[PDB]
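Two separate entries follow, structure 1 and structure 2, each one form of the same protein chain as structure tokens.
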Structure 1
């Protein structure tokens, strides 16, 4: 049962997003732009994963929509306090879509990531997730990727499906659901 009540003043939720903001803030100057985030998505990640041009474009559209949802825009430098305010708005919007069974931006981003790794179908193997964790940088420890797979409910083949990862991500990024704690092992607090 996905937790839908927000916990935006909990220091653990704040710290999770500050950890991610600093991870996005490559030069350490306390500011990030949508340009930087889309370059990470397309020039770095999709290139290394050998995504097709169509896949790369779809993933880029999803990343653009997701981070515009938390107030970022091309040419706009955003610092952490405003980024966190944006995340509150994003979470509020996403949870209302989820409750109405309207596709969320986090689900659509997930569909784009999973499609790059697609035999059949809408699943990711542990080896594929370990590669993603290194290439995205969100989880470069293969042990942390292993923990993700232990944490989640996997399919019959031991693979992860986008429905499961979506439910986990709602709890991890938006509501600080205790059921999502540990989703990224020790890699993301």
Structure 2
């Protein structure tokens, strides 16, 4: 539950994502661009149903409003990153006490989409879909390794807690055990 906001790697990690989501390349991000790239495009790649897609959009809107984003508001990287620092810090207090968080809520919405065979758990077969998120579809070996990093109790399947912990580790805390989650194309 400790952050590493001054690590050049955490800064670069978010700059990479900011640049990617910045559809028109102008160095300013809007909630509009974020919803298009982080919600519409992602749900399409995952073959989410309309209901799952709309739920995911609600979670993305809430999450990024938590970072200071809004429709029509162009925000530069330093302000965007400060939004992330503030949200991570406030959410980590809640996470520590099993209280509701925007990041877990987003995790819930994505988990439902990955959990296709309808089971409440994600198995290795289903985890393949995670590779569709980033631009580099993982090797089979890397798919297994990222699954292993998530599967903390080695049960052979993931629950929402396990997936969310890795997502939070990647984006909030720069958790070394979450490194590699998205492959080498996402630093």
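Here, rigid core means the biggest group of C-alpha atoms that superpose within 1.5 Å across both forms. Numbering follows the first chain given and starts at 1.
Core-superposed comparison between structures 1 and 2: the C-alpha position of residue 48 differs by no less than 2 Å. Positional change of residue 151 between structures 1 and 2 reaches 2 Å or more at the C-alpha, relative to the superposed core. Remark: with the core as the superposition reference, the CA shift of residue 129 between structures 1 and 2 reaches 2 Å or more.
For residue 178, the displacement of the CA atom between structures 1 and 2, after superposition on the rigid core, amounts to 0.5 Å.
Core-based superposition between structures 1 and 2 puts the Cα shift at residue 58 at 2.0 Å. Comparing between structures 1 and 2 on a rigid core frame, one finds that residue 36 has its C-alpha moved by 2.4 Å.
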